[PDB]
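Just below is one structure, and these are the notes that go with it.
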Amino acid sequence: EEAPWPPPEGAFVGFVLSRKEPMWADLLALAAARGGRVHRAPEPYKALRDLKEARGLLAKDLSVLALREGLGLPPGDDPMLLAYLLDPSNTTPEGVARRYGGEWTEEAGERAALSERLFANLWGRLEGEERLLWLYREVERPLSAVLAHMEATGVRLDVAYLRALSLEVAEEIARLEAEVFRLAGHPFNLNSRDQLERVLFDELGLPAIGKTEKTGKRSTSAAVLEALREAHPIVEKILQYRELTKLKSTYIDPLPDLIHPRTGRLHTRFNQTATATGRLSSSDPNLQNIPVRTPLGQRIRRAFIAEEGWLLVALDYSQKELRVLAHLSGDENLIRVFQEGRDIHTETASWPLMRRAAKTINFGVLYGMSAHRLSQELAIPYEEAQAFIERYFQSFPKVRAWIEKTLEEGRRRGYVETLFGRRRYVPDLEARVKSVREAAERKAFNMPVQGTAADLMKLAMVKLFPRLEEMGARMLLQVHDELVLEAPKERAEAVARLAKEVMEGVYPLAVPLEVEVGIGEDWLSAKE
DNA sequence: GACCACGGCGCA
DNA sequence: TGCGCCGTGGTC
Ligand SMILES: Nc1ncnc2c1ncn2[C@H]1CC[C@@H](COP(=O)(O)OP(=O)(O)OP(=O)(O)O)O1
Ligand SMILES: [Mg+2]
C-alpha cells in the first residue's frame with residue numbers, strides 16, 4: 001500500500017501541524033492517499049510544491065500555510081464541508097471520522113487515508129440532496145478558497161498606538177480600583193466575581209437581583225449592576241472598571257503580540273465548520289468581536305489600519321436579518337417599509353425615541369425576546385414592554401405566522417431550513433419540559449433567518465472575491481453582515497462602488513438589500 | 001505547562 | 001439567537 005512520493009494527481013491529503021493555527025504552524029508531516037495507496041512525503045515542505053490543490057480534511061488550513069510559503073495552492077473538496085452540510089453539529093474531525101467510519105489520528109498518512117474513505121461515504125449520503133449539493137459546490141467549496149486568502153493576507157495593526165493606549169488605560173484602571181477600594185473600605189481582587197459578590201451583597205446592603213446558571217451564586221453581571229446603579233456609588237465605578245479591564249485584557253494587550261514576523265500583520269482564522277446556523281466564526285484571535293459600541297472600544301478600532309498607500313473599504317448590510325425575515329415570512333406591512341426605502345427603526349417606531357423601542361425589539365424578535373428582557377433592558381415597566389411586543393405583532397401578522405409555521409414543520413421533520421436548504425436538526429422541539437422545548441423553539445425559528453443571511457453573505461463573498469483580484473484589491477475580514485476590504489488608494493472609490501453593488505444584488509429578494517459603504521485609513525473611519 | 005468550568009462580555 | 005476569549009478558581 002505504501003507507494004513512493006509523489007502521489008497520483010487528485011489524491012487525498014493528510015498532514016500534521018505543530019499547532020492549530022496554519023499561519024503559526026510548522027508542517028510536521030505530509031502524506032496522500034489514492035487508489036488504496038498511501039504516499040508519505042520524505043520532506044513535508046519540499047513535497048508541498050508537488051501539489052496542485054489541497055484536497056481532504058481541513059483543506060483550507062493546509063492551503064493557508066502553503067499560501068504563507070509563497071505557493072498558490074487552493075483548497076478543494078473537504079469531507080468536513082460535506083459533513084457540515086448534512087448536520088451542522090459536525091464541527092470536528094474527531095466527531096466526523098467517528099461518525100462516518102474512521103479514526104482521527106496524529107499521523108499524516110492515516111489522516112490521508114481517513115480523508116479518502118470519509119469523502120466516499122459522505123458524498124454518497126449527499127447523492128439525493130440537490131439543494132445541499134448546490135450549497136457545497138456554489139457556496140461552501142469556493143468560499144474556502146476565499147477564506148484561505150483572507151487568512152493569509154491578514155490585517156495591519158497599529159502596534160505602537162496600542163502600546164501607548166495600554167499605558168493610559170492602565171492608569172485609569174488604577175484610579176477606578178482605588179476608588180472602589182475606598183468605598184469597600186478594604187482592598188480585594190476586583191477581577192474575582194466571587195470576592196466582588198461578598199463585598200456587594202454581604203458587606204454592603206445591596207440586594208441581589210439574580211443567580212448564576214450553573215452554581216447559583218448571586219450574579220454581579222452587567223444587567224444586575226445597571227439595576228444597582230443608584231443603590232450605591234461603588235456600582236458605577238465597577239461598571240467602568242469592568243469595561244476597561246475587559247477591553248485591555250482581551251484586545252489592547254494581546255493583539256500587539258500576535259503580529260506575524262514575515263508579514264507584519266495580524267492573522268485570524270475563519271472557521272467554516274463551527275456554527276449551528278451556517279455562520280462563520282473567527283479565532284486565534286477572534287476579529288469578529290473587536291470593540292465598537294463604546295468610546296474606548298472605538299479607540300481600539302482605530303488600531304486596525306490600511307497598508308501604506310491603501311485604504312480600507314468597509315461594507316455593511318443594513319438591517320440584514322430583518323430584511324431576510326420580510327422575505328421569509330412574506331409579511332406585507334413589513335416589505336412595504338423596506339420597499340418604500342423607509343427608515344426601519346423609525347418607521348417601525350410609528351405603529352422622541354419611541355424608536356429604540358422599535359430597534360431593540362426588532363432585534364428581539366429574531367431571538368424570541370420575552371416581555372422581560374424588553375422592559376428590563378428598555379428601562380420601563382414590565383407590561384409597558386408586553387404591550388409593545390403585541391403592538392409589533394399586530395402590525396406584522398405573517399411574522400407570527402411564519403414562526404409558528406416553521407416550528408410545526410420542524411417538529412415533523414426534526415429540522416429547519418434556510419432559504420437555500422441549509423439544515424439544522426432541532427430535537428427538543430417535542431421535549432416534555434416547557435423551558436427546554438421553548439428554548440429549542442427559539443433556536444429553531446431563529447436559524448432560518450440567521451442562516452439565510454449567512455448564506456447570502458457567503459455567496460456575496462464568493463462573487464465579490466474574483467472581481468477584487470482583477471482590481472488589485474483584497475478582502476480582509478467578514479463580520480457576519482459586514483466586509484472589510486483593502487484597496488489601492490487610487491481605486492478605493494471604484495472598488496467601493498463595485499463591492500457595494502455586488503453585495504446588494506447577491507440574490508434579489510422580495511425586498512431590497514441596502515449596503516452602507518465607507519472608506520478610510522482605519523477601521524473606525526471607514527464606517528463613516 | 002495544559003486544561004476545565006464558570007461567569008462574564010466583546011461582536012453580529 | 002449565534003459565536004470565542006478573558007481571569008479566577010481549580011485539577012493534573
Ligand atoms: N444590542 C444588540 N443585541 C442583539 N443583537 C444585536 C445588537 N446589536 C446588533 N445586533 C445584531 C442584529 C443585527 C445586527 C445589528 O446591526 P446594527 O447594530 O448596525 O443595527 P441595524 O439593524 O443595522 O440598524 P442601525 O443600527 O444601523 O440603525 O447585529
Ligand atoms: Mg447596520
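All chains are named by letter (A, B, ...) in the order of the sequence lines, taking the proteins before the strands, and each is independently numbered beginning at 1. Computation of the quantities below employed the complete heavy-atom set of this structure, encompassing side-chain atoms and omitting hydrogens, waters and symmetry-equivalent molecules.
Rounded to an integer number of Å, the gap from CG of A:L247 to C1' of B:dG8 is 13 Å. Between the NZ atom of A:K217 and the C1' atom of B:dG8 there is a distance of 11 Å, rounded to whole Å. Protein atom CD of A:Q288 is 16 Å distant from nucleotide atom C1' of B:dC9, rounded to whole Å. Rounded to an integer number of Å, the gap from A:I252 CD1 to B:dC9 P is 17 Å. As rounded to whole Å, 14 Å separates atom P of B:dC9 from atom CD of A:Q240. The distance from atom NZ of A:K211 to atom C1' of B:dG8 is 17 Å, rounded to the nearest whole Å. Between A:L524 atom CG and B:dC11 atom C1' there is a gap of 15 Å when expressed in whole angstrom units. Here the P atom of nucleotide C:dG2 and the CG atom of A:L366 are 12 Å apart, to the nearest Å.
Residue A:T212 places at least one side-chain N or O closer than 4.0 Å to OP1 or OP2 of B:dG7. Remark: A:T277 is not in phosphate contact with C:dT1, judged by side-chain N or O atoms under 4.0 Å from OP1 or OP2. A close approach under 4.0 Å does not occur between any side-chain nitrogen or oxygen of A:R279 and OP1 or OP2 of C:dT1. Contact annotation: A:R242 reaches the phosphate of B:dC9 (side-chain N/O to OP1 or OP2, under 4.0 Å).
Stacking of A:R423 on the aromatic ring of A:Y415 is recorded, both the 6.0 Å distance cut-off and the 45° axial limit being met. Judged by the 6.0 Å and 45° rule, A:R400 forms a cation-pi pair with A:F393.
Across all strands shown, A:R424 has heavy atoms under 4.0 Å from sugar-phosphate atoms exclusively, and none from any base. Note on A:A222: only backbone sugar-phosphate atoms sit closer than 4.0 angstrom, heavy atoms only; bases stay farther off.
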Exercise for the section: Applying ring pair (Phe, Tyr, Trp, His ring centres under 6.0 Å), run through A:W24 and A:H260 and close with a yes or a no. Expected result: CA-CA 8 Å; A:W24 293 102; A:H260 194 271; 4.6 Å; yes
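Shown here are the ring pair (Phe, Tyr, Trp, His ring centres under 6.0 Å) partners of A:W104, two or more places apart in sequence or in another chain: there are none.
No more than 12 heavy atoms of other residues, nucleotides or ligands lie within 6.0 Å of CZ in A:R373, so this atom counts as exposed by the packing criterion. Atom CD of A:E213 sits in a sparse spot, with 12 or fewer heavy atoms from other residues, nucleotides or ligands closer than 6.0 Å.
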Give the table of side-chain donor-acceptor pairs shorter than 3.5 Å for residues 430-442 of chain A, with sequence neighbours excluded, one pair per line with atom names and distance.
| residue | atom | partner | partner atom | Å |
| --- | --- | --- | --- | --- |
| A:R437 | NH1 | A:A431 | O | 3.1 |
| A:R442 | NH1 | A:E438 | O | 3.3 |

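In this entry B:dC4 carries a south-puckered sugar, per its negative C1'-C2'-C3'-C4' angle.
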Exercise for the section: Spell out protein contact along nucleotides 4-12 of chain C as letters: B when the base is contacted, S when just the sugar-phosphate is, - when no protein heavy atom is under 4.0 Å; keep the 5' to 3' order. Expected result: SSSSSS---
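Taking every heavy atom of both residues into account, A:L419 and A:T452 meet most closely at N-OG1, 2.8 Å.
Among the nucleotides C:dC3, B:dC11, B:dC9, the one closest to the side chain of A:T275 is C:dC3. Distance from the side chain of A:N446 is smallest for C:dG2 among the nucleotides B:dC11, C:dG2, B:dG7. Looking at the side chain of A:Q450, the nearest of the listed nucleotides B:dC11, C:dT1, B:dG8 is C:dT1. When the nucleotides C:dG2, B:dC11, B:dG7 are ranked by their closest atom to the side chain of A:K214, B:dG7 comes out on top.
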